[PDB]
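Engineer: Sending over a structure as structure tokens; questions will come in a sec.
Virtual Cβ from ideal backbone geometry, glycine too; neighbours counted across all protein chains shown. The numbers here are math on the coordinates, done by the rules we state, and not lab data.
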Amino acid sequence: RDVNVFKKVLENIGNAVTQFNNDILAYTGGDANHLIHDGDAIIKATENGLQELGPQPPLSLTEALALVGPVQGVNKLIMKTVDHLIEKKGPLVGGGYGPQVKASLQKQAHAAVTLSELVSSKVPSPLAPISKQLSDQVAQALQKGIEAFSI
């Protein structure tokens with residue numbers, strides 16, 4: 001269908017986030033450069049999404065509904081992933097990675113906000129409050145991560 005481009009961007013982004021989550025969970029201290037590279041892969045997937053979805057025609061009501069569940073799933077994953085990252089603050093700051101993590105999150109927040117805005121423009125107005133809720137979830141979680149890796 002149409003919705004398929006939207007599905008794929010979502011899968012892409014999900015996969016990148018899953019990768020990052022798995023590495024954060026495995027991480028106990030030491031070299032974290034693979035985590036910063038994981039972060040970059042997420043940002044790249046988000047930016048690619050901007051380009052692929054940009055020219056897309058808006059979704060029908062029933063098309064967008066079919067994507068609500070999947071988006072919620074990735075939004076749960078993003079939330080959990082940020083929490084895991086915050087739980088590894090000690091080791092990361094101890095390794096001197098604090099500033100890089102902060103920056104990577106800041107960059108991620110910007111890409112995410114811009115992607116969610118583009119996406120909201122593609123969903124019918126009756127769903128607008130649901131897009132907003134979904135988009136806030138991500139925004140809040142990243143912000144929470146940014147505050148945690150501050151000073």
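Engineer: Does at least one position in the range 2-12 carry a residue that is aromatic (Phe, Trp, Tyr) and over 14 Å from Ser104 (Cα atoms)?
Structural biologist: Yes, some residue in the range 2-12 is aromatic (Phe, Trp, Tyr) and over 14 Å from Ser104 (Cα atoms).
Engineer: Go through the range 78-94 and count every residue that is more than 10 Å from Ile24 (Cβ to Cβ), touching a residue at least 60 places away in the same chain (Cβ under 8 Å) and of a type outside the set (A, V, I, L, M, F, W, C).
Structural biologist: 3
Engineer: Something else: Out of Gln51, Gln56, which single residue is under 24 Å from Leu127 (Cα atoms) and in a loop (DSSP other than H, G, I, E, B)? Working first, answer last.
Structural biologist: On the way: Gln51 fails: in a loop (DSSP other than H, G, I, E, B).
Exactly one of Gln51, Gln56 is under 24 Å from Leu127 (Cα atoms) and in a loop (DSSP other than H, G, I, E, B), namely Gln56.
Engineer: If the Cβ limit is 9 Å and pairs must be 6+ apart or interchain, which residue in the range 102-116 that is free of Cβ contacts under 8 Å to residues at least 24 places away in the same chain pairs with which residue that is surrounded by fewer than 18 Cβ atoms within 10 Å (Cβ to Cβ) and among the small types (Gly, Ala, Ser)?
Structural biologist: Pairs that qualify, where the first residue is free of Cβ contacts under 8 Å to residues at least 24 places away in the same chain and the partner is surrounded by fewer than 18 Cβ atoms within 10 Å (Cβ to Cβ) and among the small types (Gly, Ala, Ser), are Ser116/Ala139.
Engineer: Can you tell me which residue within the range 112-123, out of those that are in a helix (DSSP H, G or I) and hydroxyl-bearing (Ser, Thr, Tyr), is surrounded by the most Cβ atoms within 10 Å (Cβ to Cβ)?
Structural biologist: Taking the range 112-123 and keeping what is in a helix (DSSP H, G or I), we get 112-120.
Next, only the ones that are hydroxyl-bearing (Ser, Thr, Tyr) stay: 114, 116, 120.
Values: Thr114: 14, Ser116: 20, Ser120: 16.
The selected residue is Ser116.
Engineer: Would you point out the residue of the range 124-151, among those that are touching an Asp or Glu at 6+ places or on another chain (Cβ under 9 Å) and buried (at least 18 other Cβ atoms within 10 Å of the Cβ), that is farthest from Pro99 (Cα to Cα)?
Structural biologist: My answer is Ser135.
Engineer: Mind checking which pairs have a first residue in the range 131-147 that is without any contact (Cβ under 8 Å) to a residue 40 or more places away in the chain and a second that is hydroxyl-bearing (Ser, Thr, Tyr), Cβ under 6 Å, 6 or more apart or different chains?
Structural biologist: Listed pairs, sorted by first residue: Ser131/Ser120; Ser135/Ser116.
Engineer: I'm trying to understand the selection: among the residues of the range 51-74, which are surrounded by fewer than 18 Cβ atoms within 10 Å (Cβ to Cβ) and within 12 Å of the chain's Cα centre (by Cα)?
Structural biologist: If the condition is that a residue be surrounded by fewer than 18 Cβ atoms within 10 Å (Cβ to Cβ) and within 12 Å of the chain's Cα centre (by Cα), then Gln72, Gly73 are the ones that fit.
Engineer: So which residues in the range 1-50 are free of Cβ contacts under 8 Å to residues at least 60 places away in the same chain and over 16 Å from the mean Cα position of the chain (by Cα)?
Structural biologist: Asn4, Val5, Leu25, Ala26, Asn33, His34
Engineer: Additional query: For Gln108, which of the numbered conditions (1) surrounded by 14 or more Cβ atoms within 10 Å (Cβ to Cβ); (2) not in a helix (DSSP H, G or I) fails to hold?
Structural biologist: Unmet for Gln108, out of (1) surrounded by 14 or more Cβ atoms within 10 Å (Cβ to Cβ); (2) not in a helix (DSSP H, G or I): (2).
Engineer: Would you point out which residue out of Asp38, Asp31 is charged (D, E, K, R) and not in a helix (DSSP H, G or I)?
Structural biologist: The unique qualifying residue is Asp31.
Engineer: If you don't mind, another one. Which residues, counting only those in the range 6-28, are in a loop (DSSP other than H, G, I, E, B) and closer than 11 Å to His84 by Cβ?
Structural biologist: Within the range 6-28, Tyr27 is the sole residue that qualifies.
Engineer: Now, a different point. Pick out the one residue from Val93, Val101, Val82 that is in a helix (DSSP H, G or I), under 22 Å from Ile151 (Cα atoms) and out of contact with any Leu (no Cβ under 8 Å at 6 or more places or on another chain). Outline the logic, then answer.
Structural biologist: Details: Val101 fails: out of contact with any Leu (no Cβ under 8 Å at 6 or more places or on another chain); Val82 fails: out of contact with any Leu (no Cβ under 8 Å at 6 or more places or on another chain).
Criteria check complete, one pass: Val93.
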